[PDB]
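Asks: Structure, please.
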Amino acid sequence: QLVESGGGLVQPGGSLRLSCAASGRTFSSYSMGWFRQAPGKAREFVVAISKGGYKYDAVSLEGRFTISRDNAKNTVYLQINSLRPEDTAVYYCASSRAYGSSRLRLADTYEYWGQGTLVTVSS
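Replies: Residues are numbered from 1 along each chain as shown. Okay, here it is:
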């Protein structure tokens, strides 16, 4: 149902956008989250956008990610300005029933998961 795209090898300091398309019926009533697994780490919450369109930042990612959705294309986007080597990870998209709250920061709030897409930041 969810298929991410946009991954690849990108330069530090530049910006990059990833997409997540959801298959079948409209996803406008899902909250959508982005999660990542860096090499060697446990999964980390990045940012979420509620059904309402409100942004939920992580507690420790320091306001560096910007999320938007396109209910007119099945698509939520993740934006990373000024990519740093620490951004390297498999990025997963996920969809939740839940409403905007501090629960959208939790991986267990999400029912549907993408297939993943690799972002590699390197000079």
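Asks: mind listing what residue 100 touches?
Replies: Counting by CB atoms under 8 Å, 6 or more residues apart in numbering, residue 100 makes contact with 31, 50, 51, 52, 54, 56. All C-beta atoms are positioned from the backbone trio N, CA, C, and that covers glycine.
Asks: could you redo the last one with a cut-off of 6 Å?
Replies: Contact analysis of residue 100 by CB atoms under 6 Å, 6 or more residues apart in numbering lists 50, 52, 54.
Asks: Would you list the buried entries among these?
Replies: residue 50 (16 or more other CB atoms under 10 Å).
Asks: Name the nearest of the contacts of residue 100 relative to residue 97.
Replies: residue 50 (11.0 Å; CB to CB).
Asks: Which residue, neighbours along the chain excluded, lies closest to that closest one?
Replies: The shortest distance from residue 50 to any non-neighbouring residue, by CB to CB, 6 or more residues apart in numbering, is to residue 100 (3.1 Å).
Asks: so what's residue 77 up against?
Replies: Residue 77 is in contact with 17, 19, 68, counting by CB under 6 Å, 6+ apart.
Asks: and the helix or strand hosting residue 45, which strands flank it?
Replies: Following DSSP states H and E, the helix or strand that holds residue 45 is strand 44-49. Using DSSP bridges, the strands paired with strand 44-49 in its sheet are strand 31-37 (antiparallel), strand 55-57 (antiparallel).
Asks: hang on, the earlier thing: between the contacts of residue 100, which sits nearest residue 112?
Replies: Nearest member of the contacts of residue 100 to residue 112, counting by CB to CB, is residue 50, at 15.7 Å.
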